[PDB]
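To keep things clear, I will list the structure first and then write my remarks on it.
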Amino acid sequence: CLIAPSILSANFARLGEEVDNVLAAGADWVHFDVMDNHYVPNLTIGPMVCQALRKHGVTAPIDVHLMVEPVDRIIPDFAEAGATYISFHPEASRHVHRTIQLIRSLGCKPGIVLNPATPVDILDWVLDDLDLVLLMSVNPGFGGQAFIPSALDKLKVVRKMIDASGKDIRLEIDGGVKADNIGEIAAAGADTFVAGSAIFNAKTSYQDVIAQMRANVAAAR
Amino acid sequence: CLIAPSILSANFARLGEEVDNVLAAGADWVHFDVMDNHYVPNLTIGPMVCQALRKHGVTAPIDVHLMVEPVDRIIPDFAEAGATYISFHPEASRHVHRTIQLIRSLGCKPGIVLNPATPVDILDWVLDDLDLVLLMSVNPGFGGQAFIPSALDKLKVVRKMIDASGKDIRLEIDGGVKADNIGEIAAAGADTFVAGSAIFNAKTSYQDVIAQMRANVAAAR
Amino acid sequence: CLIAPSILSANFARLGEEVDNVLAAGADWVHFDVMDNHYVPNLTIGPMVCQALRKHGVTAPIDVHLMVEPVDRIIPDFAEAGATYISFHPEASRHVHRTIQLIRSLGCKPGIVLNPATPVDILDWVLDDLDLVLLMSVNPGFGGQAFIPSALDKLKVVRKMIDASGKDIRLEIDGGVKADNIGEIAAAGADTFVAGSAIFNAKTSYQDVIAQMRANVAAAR
Ligand SMILES: [Cl-]
Ligand SMILES: [Cl-]
Ligand SMILES: [Cl-]
Ligand SMILES: [Cl-]
Ligand SMILES: [Cl-]
Ligand SMILES: [Cl-]
Ligand SMILES: [Cl-]
Ligand SMILES: [Cl-]
Ligand SMILES: [Cl-]
Ligand SMILES: [Mg+2]
Ligand SMILES: [Zn+2]
Ligand SMILES: [Zn+2]
Ligand SMILES: [Zn+2]
């Protein structure tokens, strides 16, 4: 369904070119990983970089994943910079329901991110307020890793929860997604796919990798 | 003496072009302001952006100003990414002498940053171990601001301390530096000048602004 | 004057034996470095170990150096466990004067610890309330290190301050103190000497090292 390349793997010296080209190559969203050196042991890119992409002319959805703690102060800055989706980790907010409301009140689409160990019942009382749930299939902020197999089982659980809600909620997956496992991940229930190194560091073009990913997703459904 | 444009004001969609052009226009260093959303209320750019500039072919000194707390974990990442100078705020480290030693042990040039209110006696026992002292003439992380006049008096104090040490220590200034005040700032003792919006958002070219700054500095000495 | 071996370097499988033997060998105090994994990146020993030495029959002064933050909660536990001196880092307490008063109110002797970079003016308004000032000549919590030469100059400054106060205040030194530099350190003004590896990991007996240290201090005064 939706392909959302992570730009952590792109050439940050020519970020506008990279984003322009990956969207032309078939990507739907720009996935924007924000790390504050506290919630995870790395520091990446803040609102000014999102704003720069909008000023450069990017009109595709920008999907901002906040690996930061606390989260509320920076959310208005990402809204002002032109974020489309803003997702966050419930452990990183003292008032999860308020953080969701804040994102929505600014005109952005709120998402919740589940770390690999995070139990699904944190969705019990907020799921209907969400536009997106992201399951991490690697540990965020710890670099290039292999897909964690239990994410396939957790995807099936959250897919059932979203389907039972009757709401249009994206089910996103991030971590070690590549051409040769995206079919199984789609069959498990994901419909929004974040890939970084598999696209930006491929031996073939961005368009070839994205086309293979789509073909593999279509064949598995 | 040295011109160190802050890339926070540059076009981050074409960062390599901006840096290439500002260096061609007469800049000496790339000044790299790193904010972690905790030490200051903003989040900017991390080690991956420094690495990207090195991979792009930038060979000029990269001057990394850490507005982060704590500081020690990220310092090796900036060293590996190709930082030349790494400066930090002593308030942000529990063991200032160790943090300096760490920077030096990685082959980088350590600096200490004094916020506008920070008394100079934090230099008492570390000055001889430094390659750079940076005085902030705006409050860091709070945006485009006007030069704080007390910075001129503090520059004179720190110039005397550096001169009395006999060591080769840069005296850097950052905040609201522009063509029409850089002469007075140089006369107060600074020899390394950080400017952001005055260069990257100027109504004339980067080369014109930098040439005026140099002429104004030369006329004031 | 006073020798205070640091038991961090002792054999913790036979701590009572080690402490008994080093006091029998001529040591005056038991120096007790307490690290909470937060103020420094290591965790050592808490009040229960102090209590075990008292229960074992140790009657010499136990000199507790708190490298912990915050400090007030654990101070009554060290007093109850039989600490004699309790020293702490002013940076680790939000109310340095109160922390001193708390130590004194429990019948213990309060000390202030200066890290290598810490300016001496933190002593300005509390020095008369202290029984001890400790200068760190290594970075605390970062392991076996070499004596930082600037500690000799800071000892001379703090020696003058204590002498001008007219109060009986110990001037303690900790970090890389060994037989071949203890003379110079004493000449700089220290009268209370913490050594760890030089005593407990020495190639000669405790009684020989302590006698050599004492002879070297006497010859330097
Ligand atoms: Cl709200
Ligand atoms: Cl986890
Ligand atoms: Cl990462
Ligand atoms: Cl080190
Ligand atoms: Cl300030
Ligand atoms: Cl800012
Ligand atoms: Cl009290
Ligand atoms: Cl220090
Ligand atoms: Cl240690
Ligand atoms: Mg539960
Ligand atoms: Zn992400
Ligand atoms: Zn700066
Ligand atoms: Zn100690």
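We use all heavy atoms of the structure for the numbers below, so side chains are in, but hydrogens, waters and symmetry mates are not. Protein chains get the first letters and strands the later ones, always in sequence-line order, with residue 1 at the start of each.
Heavy-atom distances place the side chain of A/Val34, and not its backbone, under 4.5 Å from chain B. For B/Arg14, the parts lying under 4.5 angstrom from a heavy atom of chain A are both the backbone and the side chain. Only the backbone of A/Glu69 comes within less than 4.5 Å of a heavy atom in chain B; its side chain stays farther off. For A/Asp36, the parts sitting under 4.5 Å from any heavy atom of chain B are the backbone and the side chain alike.
Side-chain contact check for B/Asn11 and A/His56: no donor-acceptor pair (N or O, by modelled atom type) lies under 3.5 Å. One side chain, B/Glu18 or B/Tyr206, offers a donor N or O that lies under 3.5 Å from an acceptor on the other. Of the N and O atoms on the side chains of A/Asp33 and A/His31, at least one donor lies less than 3.5 Å from an acceptor on the other residue.
Between chain B and the options A/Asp77, A/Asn42, A/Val68, A/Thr44, heavy-atom pairs under 4.5 Å are most frequent for A/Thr44.
Results of the side chain to side chain contact (heavy atoms under 4.5 Å, CB included) test with A/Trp29 over A/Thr192, A/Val194, A/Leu23 single out A/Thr192 as the only residue that passes.
Aromatic rings from A/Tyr39 and A/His89 are positioned such that their centres are separated by under 6.0 Å.
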